[PDB]
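Student: Residue numbers (PDB author numbering), protein chains in the order written: chain A, 332 to 527; chain L, 1 to 27, 27A, 28 to 107; chain H, 1 to 52, 52A, 53 to 82, 82A to 82C, 83 to 100, 100A to 100F, 101 to 113. Note that the Cβ used here is the ideal one computed from N, Cα and C, for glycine as well.
#1: Does the Cβ-Cβ distance between residue 69(H) and residue 53(H) come in under 7 Å?
#2: In or out: residue 386(A) buried (at least 16 other Cβ within 10 Å) or exposed?
#3: Apart from the five residues on each side of it in sequence, which residues of its chain come closer than 8 Å, Cβ to Cβ, to residue 2(H)?
#4: Would you kindly check if the distance between the Cβ of residue 78(H) and the Cβ of residue 35(H) is under 7 Å?
#5: Give the DSSP bridge partners of residue 33(L), in chain order.
#6: DSSP beta-bridge partners for residue 38(H)?
#7: If the cut is a Cβ gap below 8 Å, which residues of chain A does residue 147(L) touch?
#8: Per DSSP, residue 358(A) is paired with what?
#9: Check for me: the alpha helix (DSSP H) holding residue 338(A) runs from which residue to which?
#10: Ends of the beta strand (DSSP E) at residue 437(A)?
#11: Specify, as a first and last residue, the run of the beta strand (DSSP E) that residue 67(H) falls within.
#12: Kindly provide the ranges of any beta strand (DSSP E) runs that are 3 or more residues long and lie completely inside the region 50-99 of chain L, ordered along the chain.
#13: Please list the partners that residue 66(H) has in chain L, where partner means a Cβ-to-Cβ separation under 8 Å.
#14: Are the region 339-354 of chain A and the region 414-426 of chain A touching by the rule of at least three beta carbon pairs closer than 8 Å?
#15: When DSSP labels each residue in this structure, what does residue 515(A) get in the three-state scheme?
#16: Can you pull the chain A neighbours of residue 91(L), defined as C-beta to C-beta under 9 Å?
#17: When you compare each of 50(L), 6(L), 36(L) to residue 26(L) by their alpha carbons, which one comes out closest?
#18: Give me the Cα-Cα distance between residue 499(A) and residue 520(A), rounded to the nearest whole angstrom.
#19: If residue 398(A) and residue 524(A) are in contact, beta carbons under 8 Å, what's the gap, nearest whole angstrom?
#20: Would a check of beta-carbon distances place residue 414(A) closer than 7 Å to chain H?
#21: Pick out whichever of 495(A), 526(A), 373(A), 392(A) has its Cα sitting closest to the Cα of residue 446(A).
#22: Here's the rule: buried if 16 or more other CB atoms are within 10 angstroms of the residue's CB, otherwise exposed. What is residue 60(L)?
#23: What does a CB cutoff of less than 6 Å around residue 527(A) pick up in its chain, not counting 5 residues either side in sequence?
#24: Taking 7 Å as the CB-CB cut-off, is residue 37(H) touching chain L?
#25: When we look at the beta-carbon of residue 357(A) and count the other beta-carbons within 10 Å, is it buried (16 or more) or exposed?
So, in structure tokens, the structure goes:
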């Protein structure tokens, strides 16, 4: 019997945050049923590194941090340790030797309609390359020079957010591949997510 | 549509005397988002100054911006002969950016 | 010195489309915006349009409404510019500019300038 925390519910919803307001859904004390997502799943690019996708239920980790994302298909491969590109460098980054799964599935349907969606922005042109797992929520006119402008854009002072300009008739690599980065956490705290 | 009237073009300046070029803002604009880049006679231009902050990159520091608000000046305490070129004061503050009035400077 | 090269001269039927290519190399052409100004023969230059490669923003002068589109290309690190229904008087060299700069927070001024792209609208 056991139970089932709403992993499969947060996985599917009309609206997954953005690339920078990416959700931080902690999970504990639940038998997260991964069989649905690996044993029998239609979820492309189910590339999980840190532990083999098979027999993943056998593994217990201390805090499952399901992530929510909408990123262009080309940038899907940018969700990896370091890699390159606007993802994982100016955005949610995954630390080296990170343990977890990356489930990226095409989402041309399910809330991806004509015209660049108001939500599902970029997050680029920040001061540094960011650190792994740190949320970047605050939005401020990004400084690209010495003079600090006083809150209105122009040249430099770039707005650090950019709308994903996709239509439901884009190519193959441009359709938003809704991806979740299931961030395992094997630390010195008691393991909570176990079970078949 | 910002208009930057300047010191009259074709103003005579030669090495051995101080040279000065100036363009005045239509309304006093932020100084650090200006900049005067000169176009050589038959080449692409290159940045020299912006808000009087930096030096004249690739040019001796005789070039130097100055002024506040509308009236910005580029002083050349001792002009040099290679600078027969058309300067103009870039304006990259507010969205509209003005780039043409003909602030020519000749040498000899 | 950072290379900003562009396509050679183009001769185009007045009232047609043009595609001015400006490739930026030697520096990170992702954190740098791009700026286009037109210089004819004898009259001082003015906007064509300016874009931010990363920020997805594009502008242009009020005299170039719905007739200038400036498109980016990160894959080849180039800035493309299209003048639709360009007037017969548009015969001029079409420049491209950007800050010679590297890093997330990088230089402010417009150091590097393109070699220019002579554009002629001839019968």
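Tutor: Checking against the coordinates, here is how it stands:
#1: no
#2: exposed
#3: 24, 25, 26, 27, 96, 101, 102
#4: no
#5: 90(L)
#6: 46(H), 90(H)
#7: This structure leaves residue 147(L) out entirely; chain L is present only between 1 and 107.
#8: 395(A)
#9: 338-341
#10: 431-437
#11: 67-72
#12: 62-67, 70-75, 84-90
#13: Going along chain L, no residue has its Cβ under 8 Å from residue 66(H), so there is no contact; the nearest lies around 17 Å.
#14: yes
#15: coil
#16: 485, 486, 487
#17: 6(L)
#18: 44 Å
#19: That belief does not hold up - the Cβ atoms of residue 398(A) and residue 524(A) are roughly 15 Å apart, past 8 Å.
#20: no
#21: 495(A)
#22: exposed
#23: 388
#24: yes
#25: exposed
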